[PDB]
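**Q** I'd like to ask some things about the structure below.
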Amino acid sequence: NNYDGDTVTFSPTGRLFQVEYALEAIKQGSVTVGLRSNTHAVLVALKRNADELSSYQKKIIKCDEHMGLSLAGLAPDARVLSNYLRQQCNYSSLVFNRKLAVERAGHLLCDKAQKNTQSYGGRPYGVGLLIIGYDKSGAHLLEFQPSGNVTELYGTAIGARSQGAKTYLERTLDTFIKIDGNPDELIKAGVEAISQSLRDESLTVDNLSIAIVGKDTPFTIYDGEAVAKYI
Amino acid sequence: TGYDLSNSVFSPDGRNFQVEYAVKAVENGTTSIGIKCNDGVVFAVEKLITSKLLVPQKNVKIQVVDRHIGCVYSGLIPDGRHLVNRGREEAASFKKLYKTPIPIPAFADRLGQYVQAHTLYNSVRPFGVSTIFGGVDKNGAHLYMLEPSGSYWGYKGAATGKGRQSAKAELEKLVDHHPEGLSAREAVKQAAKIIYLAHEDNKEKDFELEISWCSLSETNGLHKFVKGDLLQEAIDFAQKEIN
Amino acid sequence: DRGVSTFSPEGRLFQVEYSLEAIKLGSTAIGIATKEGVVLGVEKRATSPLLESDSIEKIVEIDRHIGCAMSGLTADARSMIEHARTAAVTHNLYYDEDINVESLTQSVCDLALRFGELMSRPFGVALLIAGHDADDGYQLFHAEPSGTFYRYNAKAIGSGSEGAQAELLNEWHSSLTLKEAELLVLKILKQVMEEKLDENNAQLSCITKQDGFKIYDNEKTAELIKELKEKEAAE
Amino acid sequence: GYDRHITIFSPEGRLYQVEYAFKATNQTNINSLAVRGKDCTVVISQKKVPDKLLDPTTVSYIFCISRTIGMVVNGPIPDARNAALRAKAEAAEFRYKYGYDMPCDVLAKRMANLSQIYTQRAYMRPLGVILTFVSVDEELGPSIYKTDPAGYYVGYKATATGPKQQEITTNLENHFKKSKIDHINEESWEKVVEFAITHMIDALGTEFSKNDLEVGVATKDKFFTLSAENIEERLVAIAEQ
Amino acid sequence: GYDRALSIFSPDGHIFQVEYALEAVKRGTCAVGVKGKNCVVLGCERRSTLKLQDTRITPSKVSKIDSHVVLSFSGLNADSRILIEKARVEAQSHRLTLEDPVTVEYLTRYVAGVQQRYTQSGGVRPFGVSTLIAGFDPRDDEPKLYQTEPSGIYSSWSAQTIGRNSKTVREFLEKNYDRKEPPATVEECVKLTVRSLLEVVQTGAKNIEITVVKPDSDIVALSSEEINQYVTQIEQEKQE
Amino acid sequence: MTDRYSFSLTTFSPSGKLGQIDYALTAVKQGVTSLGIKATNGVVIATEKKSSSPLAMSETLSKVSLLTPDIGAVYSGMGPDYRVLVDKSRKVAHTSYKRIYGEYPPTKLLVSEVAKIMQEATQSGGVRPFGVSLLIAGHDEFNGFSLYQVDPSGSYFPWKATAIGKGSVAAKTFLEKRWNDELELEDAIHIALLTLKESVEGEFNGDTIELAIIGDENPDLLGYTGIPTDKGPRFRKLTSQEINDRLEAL
Amino acid sequence: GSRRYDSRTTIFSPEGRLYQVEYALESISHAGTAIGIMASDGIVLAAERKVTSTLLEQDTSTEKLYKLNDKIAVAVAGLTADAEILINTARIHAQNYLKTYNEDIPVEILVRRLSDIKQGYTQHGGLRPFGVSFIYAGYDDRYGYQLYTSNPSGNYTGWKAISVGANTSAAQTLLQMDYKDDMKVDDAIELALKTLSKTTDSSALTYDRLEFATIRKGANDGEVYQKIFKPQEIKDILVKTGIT
Amino acid sequence: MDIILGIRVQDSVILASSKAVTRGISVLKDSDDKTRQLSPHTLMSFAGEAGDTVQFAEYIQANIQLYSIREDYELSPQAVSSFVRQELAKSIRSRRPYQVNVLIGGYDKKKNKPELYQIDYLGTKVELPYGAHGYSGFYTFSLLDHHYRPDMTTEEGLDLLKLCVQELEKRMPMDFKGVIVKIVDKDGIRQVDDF
Ligand SMILES: [Cl-]
């Protein structure tokens with residue numbers, strides 16, 4: 003009300019309204035799902051178009067051979083944060099000959115987002131991210147919120163109507179975690195999960211976007227007729 | 002009025018309302034505690050299980066500084082991480098120049114002065130965490146608790162977050178019933194009990210217990226996480242006491 | 001007052017949303033992509049008859065393979081065009097090749113959100136960036152001051168945009184020829200313009216693989232206007 | 002009314018932020034006193050440990066700035082520690098640059114000048130503290146110099162600070178009106194501490210245990226704080242006469 | 001440094017500081033530009049509230065940027081000096097690096113770019129100035145006349161006016177200026193420029209200034225008596 | 001951790017007033033009375049030592065300050081603002097004058113430098129004006145004896161005699177009647193003590209009054225012998241005993 | 001943050017005026033009147049002091065008339081401290097020009113430079129403008145005798161006779177009435193003093209209230225002399241013209 | 001660049017400057033004009049290190065032309081020479097100084113007098129009746145000491161200059177490929193096409 007003019011101001015109940023307003027931009031964004039087994043980790047994203055003449059906005063960004071994310075909210079902020087992740091992954095490789103741990107990647111994103119919430123002039127990031135990866139301790143899935151809070155999960159979803167997909171994954175937890183050495187069945191479970199967040203529209207060939215990373219699988223993005231198999 | 006809109010402004014009371022508002026963020030967070038024992042310190046924290054989809058034991062909250070200091074906090078988790086990152090830089094520059102690892106009182110003031118600096122200007126926001134920290138140095142065990150104002154003191158027992166009153170009551174009983182002192186292994190068990198008792202304030206969602214400790218005898222004065230059998234022994238002790 | 005980079009309660013940047021209102025007040029620009037080329041057309045909108053209309057430069061070359069049309073506060077576009085030209089030439093210097101249309105658009109869009117308290128406000132102009140490269144062929148992009156860009160088979164921006172976009176919805180198909188696309192831009196411009204469309208108050212351009220980016224002569228556009236009138240009268 | 006939020010003049014010629022910083026001074030609800038002997042300067046302060054969970058050894062508002070200079074603060078502990086760290090750095094830098102130990106009055110002036118800057122510059126807030134500096138200066142002898150959030154400072158024969166400062170001040174005023182001298186005519190510092198505690202008891206009307214007080218003593222070439230057991234010895238001597 | 005965003009968007013998509021700069025231009029004395037077949041003429045109003053002035057040493061309204069290009073303006077006088085200085089410096093810098101004087105379009109584009117920069121830079125307000133930039137390109141006999149404004153947009157004009165009551169003189173020019181046949185001679189062009197100023201000025205010859213620019217760096221300012229002859233001839237023809 | 005106050009905090013109001021300067025002048029009005037009188041063979045400056053507590057040692061607080069050996073200063077208004085100005089005034093006398101010309105600045109030019117510092121606090125970013133008015137008395141070889149007033153705006157004026165602060169209106173009238181161009185220094189000290197008695201409420205003696213002169217050269221106060229040209233400081237602060245002697249012949 | 005307390009000293013009003021410049025001009029309208037009159041054989045500068053007190057040391061005092069170099073002087077209306085900042089900058093600019101070209105600075109170039117400094121404070125930096133208006137009196141070998149004025153906006157203009165500060169409307173009407181082009185310095189002296197004598201808010205015009213100066217090319221052997229009048233010399237010229 | 005000469009007569013200043021540009025083994029050009037018009041009545045000739053010479057000359061030219069537009073006035077030769085001197089005196093204590101020597105020949109329209117200034121790369125300025133830079137002066141000053149009078153005509157000045165060039169063509173080792181001659185007087189600057 004009077005305490006939402008900038009990110010440097012607490013409200014009387016200890017809230018940061020600019021951060022909460024940034025959090026709102028994510029809920030307006032299109033749905034994206036993340037899930038994993040012990041061997042692989044999968045991102046599934048519902049891309050959004052402006053109209054029938056336009057293209058569908060890309061949701062998934064590759065960060066390294068073993069790591070990448072899906073976005074929901076302001077796309078330019080996802081570009082800034084993914085570029086930062088690309089650089090940090092790259093620094094780890096060049097200086098230490100070491101693939102960056104997914105847990106450490108989350109810690110770096112958290113701290114980058116935080117600085118924007120405590121200083122005047124700047125604004126919080128207006129985007130949420132689902133980071134998947136395969137490192138020395140196996141498959142990982144992270145959820146990033148621009149408050150700074152980063153969470154490691156078996157599965158999750160963010161964006162509009164994301165609660166539907168999140169409930170499905172909460173039921174399916176015991177099934178999909180066991181899908182080891184079978185990428186197509188893990189993607190099927192992700193495609194079935196994102197379907198619970200759909201209303202009116204359905205999954206078409208240029209609507210759907212899938213990505214996968216795993217044991218002997220680099221981070222690769224599937225779009226177009228490459229995802230027709232899963233519709 | 003308008004005195005609460007900007008950080009570093011004194012109200013007619015002589016108060017900085019923005020700092021008091023940061024305390025409300027701390028009061029909103031999960032419960033965390035600290036227990037000073039005979040030759041060391043024990044830290045414990047309540048981690049709320051928001052969903053079944055959270056991976057158990059993975060979202061670690063307690064943080065190490067140098068190799069001998071443990072830090073836990075309640076409130077805005079990212080603000081706590083920012084403070085620990087600074088703490089690590091302060092401990093590194095101290096060790097670089099003076100060789101010896103940073104003493105706990107010295108380390109406490111480094112955090113204290115940094116938090117206090119974020120109450121001096123309107124261009125920055127105060128920290129939205131209260132931080133419980135400590136460890137073992139040359140002069141023995143030390144436990145501290147640091148508030149959004151920059152205020153800190155030494156403690157026999159410390160508690161903050163939503164369950165702090167419940168925890169403070171339990172800690173006060175231990176101080177009265179053990180004047181000669183508490184052992185390190187005892188303090189781990191008691192820390193588990195206090196977090197379980199303090200969970201009645203956050204009783205809707207089930208939770209995950211996380212403990213760490215520094216002790217001269219049990220860990221060679223280094224910060225370690227309580228894991229496996231010793232963690233389960235502390236959970237069983239806590240589960241028995243509530244029933 | 002209030003921060004320049006402030007979020008609203010709905011999760012939008014105030015200044016970006018307000019710059020989009022400035023773009024609605026601008027003159028109309030239309031782009032149509034085909035397999036034979038991409039056509040770019042604009043409403044000139046001279047404020048007075050004494051203004052020499054040929055000096056109104058709302059369609060602009062970035063490189064031989066990339067053209068650009070604008071709508072809104074057109075003065076703001078000059079530094080964006082300068083950046084696009086430099087980015088295009090610099091990439092040719094570093095890599096001995098033409099720069100991709102998407103990559104060029106991305107470079108322009110990276111400037112957009114560099115504002116705060125860097126420049127003091129967002130850009131008050133939208134761009135239609137049209138071009139060709141070997142990888143993805145003929146392309147049309149809509150570059151906003153939000154930092155977002157969408158690819159389009161066809162797109163209208165400026166004051167008559169929602170009316171023009173609905174018309175482009177019906178008319179566009181994947182088999183359109185270049186000649187057909189030229190007439191279609193002229194048709195839709197004539198529909199949304201206040202003043203009567205002629206060679207002096209409207210301007211056409213295109214980008215083909217063979218001949219690159221070309222702004223059309225007033226004599227050439229005049230013939231296409233005369234061809235349009237006859238074909239509409241034909242039924 | 003933004004002339005009350007930052008350090009600019011109000012229409013009355015006042016700085017409201019300075020005045021409100023003075024009120025923050027009493028937030029701790031602690032009273033301090035300082036007196037001078039022949040060979041020494043004594044400073045006493047109330048110590049209140051409300052929480053049983055606190056480690057009482059770490060609760061203090063008296064600071065050893067240098068070997069010769071002690072400082073007691075009336076105000077919140079973060080601002081007190083801010084002031085303490087700066088005074089320590091300034092005292093050490095002075096010694097390095099000019100080759101002798103920073104005098105008590107000169108450090109007081111320096112800290113007062115820094116406080117003045119916060120009353121003139123908008124981006125810096127005043128510290129909500131009053132700083133009482135004590136020493137046995139090698140030129141001036143026993144010395145008490147006090148600084149406040151206005152950037153004011155002055156020397157003192159004796160002084161008091163806190164919520165009940167006026168009661169302590171008048172008590173001390175009346176003693177020096179009788180004796181007609183600027184100090185406590187006493188050889189040992191132990192008896193000067195006993196005087197300080199006695200006159201605080203009389204002025205506040207409360208008895209003290211060993212854990213209710215905190216004491217600092219400046220002698221020639223050192224300043225030190227007393228332990229709980231050292232204070233107990235002082236309290237026993239007061240009771241026995 | 002002072003970084004404050006003074007020029008910003010408002011809910012309706014307007015930048016008020018830029019629009020309020022146009023109001024400063026509206027307040028300024030009237031300036032007019034008319035291009036003939038082989039010349040350009042710049043006419044300017046001098047308000048007669050100020051007498052006891054020293055007309056030798058008072059800053060003249062038309063300023064030479066180079067030997068072949070001139071700049072007049074409407075708006076804040078102090079602001080105009082900053083644009084004129086920057087334009088003069090850029091004109092010499094262009095000669096130094098390109099070995100050729102600036103085109104009129106190039107000089108206009110530079111001045112316009114400076115004006116635009118001040119609408120999206122921190123800590124600065126826009127120029128309260130619109131300019132008329134006129135002249136001939138090197139080795140070229142085609143007349144050039146451009147206009148700039150605080151936003152930074154620029155364009156070419158057959159004829160144009162700016163400043164106070166510019167609506168009235170633009171009305172006059174829109175009916176009296178024929179594109180198919182412009183003022184063939186210097187006399188015809190100066191006459192049309194004086195006529196257009198006589199719609200607003202409401203006083204004889206002391207309030208009108210005229211500057212004629214011809215090809216190949218031939219710039220001359222008319223005197224009081226020379227202008228007063230045009231004023232006499234216009235009103236004698238009008239009495240009919 | 002940024003100084004973002006790069007803008008003026010003193011601005012013109014619609015009436016043409018600079019509010020913060022006026023408000024600073026109001027702070028000066030509340031301050032204790034101080035005065036200055038110029039004689040033929042000297043200048044005197046004086047003020048009341050308003051002690052904040054009787055436990056406080058008022059000797060340690062010096063309201064009358066040496067700036068150079070021949071220039072002295074007194075104030076009315078905010079004491080801390082005065083103290084930092086005296087520090088800066090002493091330094092600028094060296095940096096912008098003595099280290100260039102090998103001699104101390106004349107009174108008018110040192111005044112000019114102090115005035116400049118006070119003007120800048122009236123226009124620079126993120127600062128308030130100084131809440132003091134100064135009276136600067138001095139001597140130099142080519143201008144002789146002089147007395148200047150400096151206000152929060154940075155403006156300064158030369159005076160034969162004047163007063164500032166609490167009872168300045170009454171004190172200035174008293175000085176208008178008594179001042180003439182044939183006054184000796186002792187006569188000016190006598191008039192200074194009479195004028196100051198009117199504005200003081202409580203005790204009136206050498207311990208509650210602070211008074212200094214710019215007079216003859218004092219070779220006894222120099223601290224060394226052997227250089228004929230260096231004859232000693234013209235600034236001298238009168239002792240507590242020296243004031244009381246003149247109060248008996250009052 | 002700090003935005004809350006920013007007055008925004010460099011913005012347009014809705015009408016297209018600069019708030020702070022207009023308010024600075026209002027300040028200057030209360031300052032003591034200064035008059036400049038230019039003749040064929042010289043220039044006069046006359047100005048009224050504001051603070052009449054019998055105890056003000058007049059012979060060593062300078063609030064109105066300042067020397068910029070040997071050929072150029074200024075009369076000040078407004079804040080004296082603000083004016084001295086600008087005066088010292090103008091003195092430096094003059095000497096920089098002399099060092100560079102080995103010729104005394106032309107009057108207009110000095111005036112333009114100071115006027116450009118004032119302009120800057122209205123367009124950028126977020127600071128308040130200088131609350132000063134100057135009358136420049138000067139000579140050079142190009143234009144001869146010149147009078148200019150500048151104000152807080154940074155605009156400057158040339159004049160045959162001009163007033164700044166208080167009662168300018170009344171002063172300018174009286175000057176416009178009695179000024180002629182063939183006028184001489186002695187006549188211009190009389191005109192300056194008569195104009196102040198009528199426009200003054202005081203009961204009578206006296207020597208202790210005035211600062212007076214002349215720039216004549218009536219020095220020995222065709223040079224230019226700046227005369228800043230002493231108190232006794234102002235008293236003599238008041239008796240001569242018949243005002244006291 | 002090798003030979004630059006200057007001579008001030010009754011009513012004009014004459015500058016003579018060699019046409020050769022030589023790099024190492026080869027004469028790259030034999031028609032080089034080693035001068036720039038600074039203003040209508042002021043001409044500067046120059047010689048020194050390759051690159052530096054033209055860069056400095058054009059930089060000065062730009063600055064004087066800028067001054068001329070701003071003030072609508074021509075600076076006196078004395079004023080231009082003082083500006084040039086200060087630029088060179090500033091240059092000599094830089095990271096990389098301008099290695100350029102110049103002659104400035106001007107006609108002062110105010111005083112109705114020709115003026116010749118000799119300035120070296122250090123910023124050493126002198127006003128002279130005749131001047132030269134480099135090894136030229138070792139031959140030409142003695143000649144001019146013998147034959148010069150202050151009241152000479154422009155034609156007499158050109159004959160006296162032919163006698164200088166003949167001596168340099170006889171006794172100097174380098175072939176400087178003749179001289180371009182320019183006259184600066186009340187009517188401006190003109191080039192003597194046959195010399
Ligand atoms: Cl200091």
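Chains as they are written, first to last, in PDB author numbering: chain S, 3 to 233; chain T, 2 to 244; chain R, 1 to 117, 125 to 242; chain U, 2 to 242; chain Q, 1 to 240; chain O, 1 to 250; chain P, 1 to 244; chain X, 1 to 195.
For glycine and all other residues, C-beta sits at the position ideal for the given N, C-alpha and C.
(1) At the level of alpha carbons, what is the spacing between Q/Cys-39 and Q/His-94?
(2) Would you say S/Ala-47 and S/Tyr-136 are within 8 Å of each other, going by their C-beta atoms?
(3) With H, G and I counted as helix, E and B as strand and the rest as coil, what does DSSP make of X/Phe-46?
(4) How big is the Cα-Cα spacing for S/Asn-151 and S/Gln-120?
(5) Using a Cβ-Cβ cut-off of 6 Å (strictly less than) and excluding sequence neighbours within five positions of S/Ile-133, which residues of its own chain qualify?
(6) DSSP has R/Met-126 in a bridge; who is on the other side?
(7) To which residues of the same chain is O/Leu-18 closer than 8 Å at the C-beta, ignoring the five residues directly before and after it?
(8) When you compare only the Cα positions, how much space is there between Q/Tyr-177 and Q/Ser-63?
(9) Check this for me: beta carbons of residue 334 of chain O and O/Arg-246, under 8 Å apart or not?
(10) Give the range of the alpha helix (DSSP H) segment to which U/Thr-199 is assigned.
(11) Who are the neighbours of R/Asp-1 on chain P, taking C-beta pairs under 8 Å?
(12) Entirely within the stretch 11-89 of chain R and at least 4 residues each: give me those alpha helix (DSSP H) ranges in chain order.
(13) Name the DSSP bridge partner or partners of O/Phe-235?
(14) Answer with buried or exposed for U/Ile-7, where buried requires no fewer than 16 other C-beta atoms within 10 angstroms of its C-beta.
(15) Is the beta carbon of U/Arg-111 within less than 7 Å of some heavy atom of ligand 1?
(16) Return the chain-ordered ranges of every beta strand (DSSP E) run that is complete within the stretch 119-155 of chain U and spans a minimum of 3 residues.
(17) Beta-carbon of P/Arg-142 versus every beta-carbon of chain X: anything under 8 Å?
**A** Looking at the coordinates:
(1) 24 Å
(2) Taking 8 Å as the Cβ cut-off, S/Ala-47 and S/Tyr-136 do not qualify as a contacting pair.
(3) strand
(4) 14 Å
(5) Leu-71, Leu-144
(6) R/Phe-115
(7) Cβ contact annotation for O/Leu-18 (same chain, cutoff 8 Å, sequence separation greater than five): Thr-10, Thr-11, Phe-12, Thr-122, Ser-153, in chain order.
(8) 25 Å
(9) One cannot answer for residue 334 of chain O here, as it falls past the ends of chain O, which runs 1 to 250.
(10) 190-205
(11) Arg-3
(12) 14-25
(13) O/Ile-214
(14) buried
(15) yes
(16) 131-138, 142-148
(17) yes
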